[PDB]
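Trainee:
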Amino acid sequence: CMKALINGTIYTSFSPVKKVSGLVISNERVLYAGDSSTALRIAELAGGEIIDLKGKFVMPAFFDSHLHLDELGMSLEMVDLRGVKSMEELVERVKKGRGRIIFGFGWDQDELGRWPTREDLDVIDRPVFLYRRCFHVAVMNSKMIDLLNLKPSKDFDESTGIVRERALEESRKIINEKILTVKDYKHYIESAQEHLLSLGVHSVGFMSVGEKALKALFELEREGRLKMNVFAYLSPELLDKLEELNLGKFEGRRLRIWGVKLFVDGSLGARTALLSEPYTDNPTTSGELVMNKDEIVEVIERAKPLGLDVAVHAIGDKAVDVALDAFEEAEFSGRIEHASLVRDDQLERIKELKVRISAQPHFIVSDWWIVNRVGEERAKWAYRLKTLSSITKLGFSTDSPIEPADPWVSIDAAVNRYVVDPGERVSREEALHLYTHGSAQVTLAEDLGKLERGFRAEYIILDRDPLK
Ligand SMILES: [Zn+2]
Ligand SMILES: [Zn+2]
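So for the sequence shown, the deposited numbering puts the first residue at 34; every next one is plus one.
Here is the structure:
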């Protein structure tokens, strides 16, 4: 299969901006980027298909360097219960869910008139599990309670089927690890993939791939059912099985076994991101250390002879220190997910160690409470897109389903919005670069993100100029 896209405007690169008028593709790689007429002549000689763009625009497809394909799929399938006015309507909306188990979200007891309970949902004859708006609480029916077998705690009200805090976290864990099957995960991943492709995203860094998600990805790959480039960053629990086969870094046609995903800290919203000084709006806490420097170095030393990348979630400024210390000691150039707060004094270390960073520009829009958490001075550390991209390799992501998956909505954020410093905005060209080649570089994918000769031909076709 050879195709020439002619008579249009093709961006091969956004850093620096380079436009051509013709593109020849064969065996899913770019063969030629240049003159429309030269491209036409090549395809005439070799007997390829001619695609006349008719003045349309082409660009490298988006590369989301950090998301959760399984969770995105679960989220697309969930029953939408936002704005439901009565228990009667809530029950009707839940009944209209397909799954052998019905998952849903977004109810509110104020909008309902009272709290939903186990007894209200016992009219539905399959397992039901329904988040509250906040996602900090869930209600379930008896069938679902029976499947979970949770131990008694102050976070679980068995009579009403309501879970909070810890017991909700444990409920999720049991659902994900015990109850959902490999087939369920294949379906989630396929729903996410369809959604992402329709948005122009052809490659993803898939973070926190657990046992069943991996089993689903190998199956989809050999079934020819993966339609996007999936760079899988596995949970560290999978290292035992990898070491027993000596299976490490491995590139299939779509699925890549690429890395390991770790977490130093939690999030600024929950006040669990690890700060060097206490929270401005809770001076009794500085967040939580989930994995320390020695524990990260231990995983890195296991990743090294398997040729695997290591991606480390660090949100708080002190978490960033822990991640930098770990990379320094292990002499390992890893990547950092989020890097939400970066101090001036940390910049030199990031530059010198060449740490790759995956950042989510839509966090700027969503996290309006940043100044409340950390104060005016530390808010200067937040989402420093322009600064980070000028000192190291940086890529754009959504952390979907946390943020919207639509890249144009995150591009708008990176270009137009800032926490406190308008100097941290990037230009439209830079944002497109970061969401294509930037992401590719951050995911160690050297033949993605551009449409020059030799690059994998992942492109999207647009009616309007993406630079306008
Ligand atoms: Zn994270
Ligand atoms: Zn994440």
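The beta carbon of each residue, even a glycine, is placed where N, CA and C say it ideally should be.
Which same chain residues, not among the five before or five after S300, have their C-beta less than 8 Å away from its C-beta?
Mentor: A306, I348
Trainee: To which residues of the same chain is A352 closer than 6 Å at the C-beta, ignoring the five residues directly before and after it?
Mentor: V297, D298, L307
Trainee: Going by DSSP, what residues sit across from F90 in a beta bridge?
Mentor: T42, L495
Trainee: Which partner residues does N315 have in the DSSP bridge list?
Mentor: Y312
Trainee: I want to check one thing, is the minimum distance from the CB of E370 to the heavy atoms of ligand 1 below 7 Å?
Mentor: yes
Trainee: Span of the beta strand (DSSP E) holding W291?
Mentor: 288 to 296
Trainee: Any heavy atom of ligand 1 closer than 7 Å to the Cβ of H346?
Mentor: yes
Trainee: DSSP beta-bridge partners for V112?
Mentor: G137
Trainee: Which residue from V57, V53, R62, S54 puts its Cα closest to that of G487?
Mentor: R62
Trainee: So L500 is in the alpha helix (DSSP H); what residue range does that whole segment cover?
Mentor: Segment: none, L500 is in no alpha helix (DSSP H) and carries neither H nor E.
Trainee: Just to confirm, does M240 get its C-beta within under 7 Å of one of the non-hydrogen atoms of ligand 2?
Mentor: The beta carbon of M240 sits closer than 7 Å to at least one heavy atom of ligand 2.
Trainee: With a threshold of 16 other CB atoms inside 10 Å of the CB of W291, please say whether the residue is buried or exposed.
Mentor: buried
Trainee: Does the contact criterion of 3 or more C-beta pairs under 8 Å hold for the region 349 to 369 versus the region 312 to 329?
Mentor: yes
Trainee: On a Cα-Cα basis, can you pick out the residue from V388, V343, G116 that is closest to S241?
Mentor: Nearest C-alpha to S241 among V388, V343, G116: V343.
Trainee: Report yes if the CB atom of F90 is closer than 8 Å to the CB atom of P440, and no otherwise.
Mentor: no
Trainee: Just reading off the beta strand (DSSP E) that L421 is part of, what are its end residues?
Mentor: Counting along the chain, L421 falls outside any beta strand (DSSP E), though it belongs to the alpha helix (DSSP H) covering 418 to 424.
Trainee: Would you call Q474 buried or exposed, if buried means 16 or more other Cβ atoms sit within 10 Å of its Cβ?
Mentor: buried
Trainee: Relative to the C-alpha of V124, which residue among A446, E436, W148, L102 is closest?
Mentor: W148
Trainee: Would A225 pass as a contact of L105 if the rule is Cβ separation under 8 Å?
Mentor: yes
Trainee: Measure the alpha-carbon distance for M261 versus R389 and round it to whole angstroms.
Mentor: Cα atoms of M261 and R389: separation of roughly 22 Å, rounded to the nearest angstrom.
Trainee: Nearest by alpha-carbon distance to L250: which of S460, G281, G285, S231 is it?
Mentor: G285
Trainee: What does DSSP give as the partner residues of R165 in its beta bridges?
Mentor: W140
Trainee: Which residues in the same chain have their Cβ closer than 6 Å to the Cβ of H466, if we skip the five residues on either side of it in sequence?
Mentor: Scanning its chain for C-beta atoms nearer than 6 Å, with the 5 sequence neighbours on each side dropped, one finds around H466 the residues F47, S48, in chain order.
Trainee: When every heavy atom of ligand 2 is checked, does at least one fall within less than 7 Å of the C-beta of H395?
Mentor: no
Trainee: Buried or exposed, going by whether 16 or more other CB atoms sit within 10 Å of the CB of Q142?
Mentor: exposed
Trainee: Rounded to the nearest angstrom, how far is the Cβ of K248 from that of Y266, given a contact under 8 Å?
Mentor: Between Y266 and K248 the Cβ distance is about 16 Å, and since that is not below 8 Å, they are no contact.
Trainee: In the structure shown, what three-state DSSP assignment does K129 receive?
Mentor: coil
Trainee: In chain order, what residues of the same chain lie with their CB nearer than 7 Å to the CB of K419, ignoring the 5 residues before and after it?
Mentor: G456, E457, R458, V459
Trainee: Quick check: is any heavy atom of ligand 2 less than 7 Å from the C-beta of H101?
Mentor: yes
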